[PDB]
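Taken in order, the sequence shown gives residues 50 to 101, 105 to 150, 157 to 305; the numbers are from PDB author numbering.
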Amino acid sequence: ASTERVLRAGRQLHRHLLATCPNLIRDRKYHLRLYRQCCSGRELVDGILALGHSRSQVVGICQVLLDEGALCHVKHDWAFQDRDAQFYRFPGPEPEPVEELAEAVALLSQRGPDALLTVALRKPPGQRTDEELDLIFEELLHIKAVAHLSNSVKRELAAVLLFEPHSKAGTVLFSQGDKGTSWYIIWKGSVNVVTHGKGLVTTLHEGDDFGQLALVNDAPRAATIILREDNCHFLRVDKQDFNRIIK
Ligand SMILES: Nc1ncnc2c1ncn2[C@@H]1O[C@@H]2COP(=O)(O)O[C@H]2[C@H]1O
Numbered sequence: 050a051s052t053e054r055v056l057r058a059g060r061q062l063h064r065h066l067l068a069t070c071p072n073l074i075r076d077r078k079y080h081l082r083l084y085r086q087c088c089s090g091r092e093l094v095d096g097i098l099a100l101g105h106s107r108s109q110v111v112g113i114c115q116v117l118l119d120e121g122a123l124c125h126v127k128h129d130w131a132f133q134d135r136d137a138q139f140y141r142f143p144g145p146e147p148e149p150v157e158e159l160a161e162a163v164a165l166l167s168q169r170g171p172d173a174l175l176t177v178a179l180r181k182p183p184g185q186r187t188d189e190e191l192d193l194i195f196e197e198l199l200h201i202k203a204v205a206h207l208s209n210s211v212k213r214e215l216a217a218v219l220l221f222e223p224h225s226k227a228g229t230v231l232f233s234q235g236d237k238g239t240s241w242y243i244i245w246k247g248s249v250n251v252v253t254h255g256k257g258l259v260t261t262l263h264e265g266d267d268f269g270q271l272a273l274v275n276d277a278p279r280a281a282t283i284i285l286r287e288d289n290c291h292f293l294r295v296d297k298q299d300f301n302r303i304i305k
């Protein structure tokens, strides 16, 4: 969690919006509903652009603020909406009025693409827009484990790929001898490969994959997979999809 810096970055941005867009955060009436001291997502993005390269970048910045609590949706939704009908508030107490803004924009922009990729991934398979599938596809272009596959194939994987986050190191993902149900790509983190006979046989890092032996050979898992770091993030492909798309 880099939550503390996002917050102060958000706090820093929040100060320059009130100064540059004095009527961005106001009372609003939508469908005869009244929302106090809020802004629309679409106008929030607009205002961030007005400060002074792309809209998708700014959308990523907003997603990052929503994620770290530096921005909160009126209707408690987790995907940021670049829309007129969606309203957001800054939280925390009012900050003091107004290079620090520059580095606050950079820190937020650095995390934007991942924030937007996570939203696409958190969308269950079959409920992904072409734009979300577009984001997941471009990510597979950066994964060593699938580089030898065709774009058509990567596209198929994007359609069925499953997002599987974890938090604690030392978690046993599956054990030697278990029925093999799924293929795994390491988006973030690393894992230990442990066999009963030799102990730690190897370490896999971001961009590697594991768990195909059990699917390809119709056999029990040949090793225990243990999370080596905090916050491992996996892309998972279930057996049926793996077999249909990789056999
Ligand atoms: N030396 C190794 N022995 C066995 N499995 C390994 C080894 N190195 C990496 N692996 C991976 O560990 C996985 C454990 O489950 P699988 O047998 O399905 O697929 C295996 C491989 O992807």
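Think of the CB as a built atom: it goes at the ideal place given N, C-alpha and C, for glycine as much as any other residue.
Closer than 8 angstroms: residue i CB and nearest ligand 1 heavy atom
i	result
residue 251	yes
residue 295	no
Contact check, residue i vs residue j, beta carbons under 9 angstroms
i	j	result
residue 249	residue 268	yes
residue 204	residue 244	no
residue 100	residue 56	no
residue 126	residue 68	no
residue 155	residue 279	Between 150 and 157, the chain has no modelled residues, which means residue 155 does not appear in the coordinates.
residue 247	residue 288	yes
residue 240	residue 295	yes
residue 292	residue 223	yes
Minimum C-alpha distance to residue i - residue among the options
i	options	result
residue 232	251, 86, 201, 162	251
residue 160	145, 112, 58, 128	58
residue 194	175, 305, 85	175
residue 117	71, 60, 127	60
residue 234	265, 271, 126, 177	271
residue 305	279, 247, 265, 211	211
residue 262	237, 290, 276	290
residue 144	172, 108, 64	64
residue 134	179, 293, 197, 97	97
residue 112	148, 201, 284, 173	173
residue 177	276, 62, 115, 286	115
Exercise answer, beta-carbon shell around ligand 1 heavy atoms below 5 angstroms: 238, 251, 259, 260, 268, 269, 271, 272, 279, 280, 281
Any contact between the stretch 72–80 and the stretch 108–123? By contact I mean 3 or more CB pairs, one from each, below 8 angstroms. no
For the structure I just gave you, are there three or more beta carbon pairs, one from the stretch 205–219 and one from the stretch 245–259, closer than 8 angstroms? no
Specify whether the stretch 183–194 and the stretch 134–150 touch according to this definition: at least 3 beta carbon pairs, one from each stretch, less than 8 angstroms apart. no
So, do the stretch 82–92 and the stretch 163–178 have three or more beta carbon pairs nearer to each other than 8 angstroms? no
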